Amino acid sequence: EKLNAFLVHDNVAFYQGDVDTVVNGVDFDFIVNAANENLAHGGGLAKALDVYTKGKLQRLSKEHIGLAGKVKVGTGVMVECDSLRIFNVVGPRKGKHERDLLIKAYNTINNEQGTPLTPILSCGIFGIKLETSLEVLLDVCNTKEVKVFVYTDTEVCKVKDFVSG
């Protein structure tokens, strides 16, 4: 792959980039979308993925939602957008049962066949601390190779500090 990982920790490798950068720079089988229950890709990573796919992600998501209804928290829906397979995983919001649902969401990713390229779930609007989510990620995803990406230099620093500090 063209993009070098900034850190490899046993079976987990960490990358920095926007969607263009990681999709074109990293060798993976599917990319994880940090989706909401409506698969309504209105902001953040989900918007950037839809933009990358020229709206195909949102159209196929709409077709799924129209038939199946809302996606359950902790579960995923795979959508194939030309050569890019996008696994839409719904992480929990901050709240009492957040850990159990993060464990479920990360197991969903870990159990889906192939090498994932995944964000750290439930950051940003969902309100869960990066390091809290990352701990669950590393605890669950402890066998097959899993690739993790972040966007900003501050996120990179927090990852390095958590794992290596």
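So that there is no doubt, residue numbering starts at 1 and follows the sequence shown.
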Mind pulling up the entry and telling me whether 152-160 or 139-147 has the higher mean Cα temperature factor?
152-160
Pick between 125-133 and 25-33: the one whose mean CA B-factor in the entry is higher.
125-133
Entry record, C-alpha B-factors for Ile109, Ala46, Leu101, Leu57; the maximum is at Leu101
Consider only the C-alpha atoms of the modelled residues in this chain, order them by B-factor as the entry records it, and name the third containing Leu84: lowest, middle or highest.
highest
For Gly66, does the deposited CA B-factor place it in the lowest, middle or highest third of the chain?
highest
